[PDB]
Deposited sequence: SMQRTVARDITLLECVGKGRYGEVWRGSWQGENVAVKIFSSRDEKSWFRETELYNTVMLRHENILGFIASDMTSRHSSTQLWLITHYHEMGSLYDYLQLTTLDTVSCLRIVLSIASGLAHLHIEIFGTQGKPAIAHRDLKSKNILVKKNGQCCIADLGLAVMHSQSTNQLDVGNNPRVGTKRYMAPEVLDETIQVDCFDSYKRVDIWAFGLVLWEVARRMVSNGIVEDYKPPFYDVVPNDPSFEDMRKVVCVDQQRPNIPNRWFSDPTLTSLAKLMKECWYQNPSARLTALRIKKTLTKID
């Protein structure tokens, strides 16, 4: 048997503190290759350990292809190979485009579907999984208008999360770290912020909000842990719901849903399954 392992790295589509993502080519087909910095080796090990435990396969989860470790003269090279989504991240997409009602709902219900799949334990199956870094940059847009969730480098099975998206109990260090349900409730908080980011870009009555990240109006770029703690925990601020949403039945329902992801009390927040059911009854 010939085992063709050569991947041609064609163009860099992402670079950050902790590595690069490349569009690559295997056997005439696009793949995405994440090349890890030595600084973020544990994200490669955690995602690899998870996929070695359960081969996740879901339309709303970025599709796994391979984990590769290659010996170099003085270092180890770590690659994660996945499906390639040419339309890029939701974060990217929402700057380039406004949404109609159908596309808005298809995006958010697809994200909820992916997240409920991660969260649910299946017997016979998969362990329950919490993501721990859900945000619009870790969601990819597919050609069919659904999204998929990426980056299980911080996932837990039953590095810290992006500070802008941290739930109040992470910022005030009251999270029950010995309780798996705590980590689901942190993802639900983050989901509510993503829902807000998407809903802003849905047109109603000729009106749309510009793309902004959550808390854009109350914290700096690269907010500190303390910046976020004072907004979210001490002052208990939440993202603004513009008046124009209350003229639109879809955005009225989505505002109620995002409120039920943002309760200070983590156990009051909706579950991913309840969010899907609610979204299927909207419109």
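Can you list the gaps, in order, where the deposited sequence has no modelled residues?
No C-alpha coordinates exist for 1-3, 128-129, 164-176.
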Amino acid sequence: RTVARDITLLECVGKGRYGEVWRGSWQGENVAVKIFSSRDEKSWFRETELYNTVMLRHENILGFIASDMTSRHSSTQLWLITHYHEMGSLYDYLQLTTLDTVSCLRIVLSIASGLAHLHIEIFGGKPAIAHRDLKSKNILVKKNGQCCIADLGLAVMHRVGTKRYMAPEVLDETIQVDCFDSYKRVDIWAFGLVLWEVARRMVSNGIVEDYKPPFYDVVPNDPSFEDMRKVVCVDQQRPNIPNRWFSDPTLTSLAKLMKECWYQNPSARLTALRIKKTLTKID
From here on, numbers count along this sequence of modelled residues.
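The term rigid core refers to the most C-alpha atoms you can superpose between the two forms while keeping them within 1.5 Å.
Overlaying the structures in 6 other deposited structures of this protein on the rigid core, point out which of 75-83 and 188-196 has the bigger RMS C-alpha shift.
Once the cores are fitted, 75-83 deviates more in 6 other deposited structures of this protein.
Which segment is farther from the shown form on average in 6 other deposited structures of this protein after a rigid core fit, 229-237 or 51-59, going by CA atoms?
This comes out as 51-59, the stretch further from the shown form in 6 other deposited structures of this protein.
Should the higher mean CA B-factor in the entry be assigned to 90-98 or to 112-120?
Mean B over CA atoms: larger for 90-98.
Taking the recorded C-alpha temperature factors, which stretch has the higher mean, 227-235 or 34-42?
In the deposited entry, the stretch with the higher C-alpha B-factor mean is 34-42.
In terms of recorded Cα temperature factor, pick the maximum from 82, 138, 205, 146.
Max CA B-factor in the entry, restricted to 82, 138, 205, 146: 205.
Which listed residue, 132, 163, 73, 212, has the largest C-alpha temperature factor in the record?
Among 132, 163, 73, 212, the PDB entry lists the largest C-alpha B-factor for 73.
Which third of the chain does residue 60 land in by C-alpha B-factor: lowest, middle or highest?
Lowest third - that is where residue 60 ends up once the chain's C-alpha B-factors are sorted.
By its CA B factor, does residue 171 count among the lowest, middle or highest third of the modelled residues in the chain?
Its C-alpha B-factor, which the entry lists for residue 171, ranks in the middle third among residues of this chain.
What third of the chain does residue 216 rank in for C-alpha temperature factor, lowest, middle or highest?
For residue 216, the deposited C-alpha B-factor lands in the lowest third.
Per the entry's values, where does residue 152 land by CA temperature factor relative to the rest of its chain, in the lowest, middle or highest third?
Middle third by C-alpha B-factor.
Determine, from the deposited record, the chain-internal third of the Cα B-factor for residue 253: lowest, middle or highest.
Within its chain, residue 253 is a middle-third residue by C-alpha B-factor, going by the deposited values.
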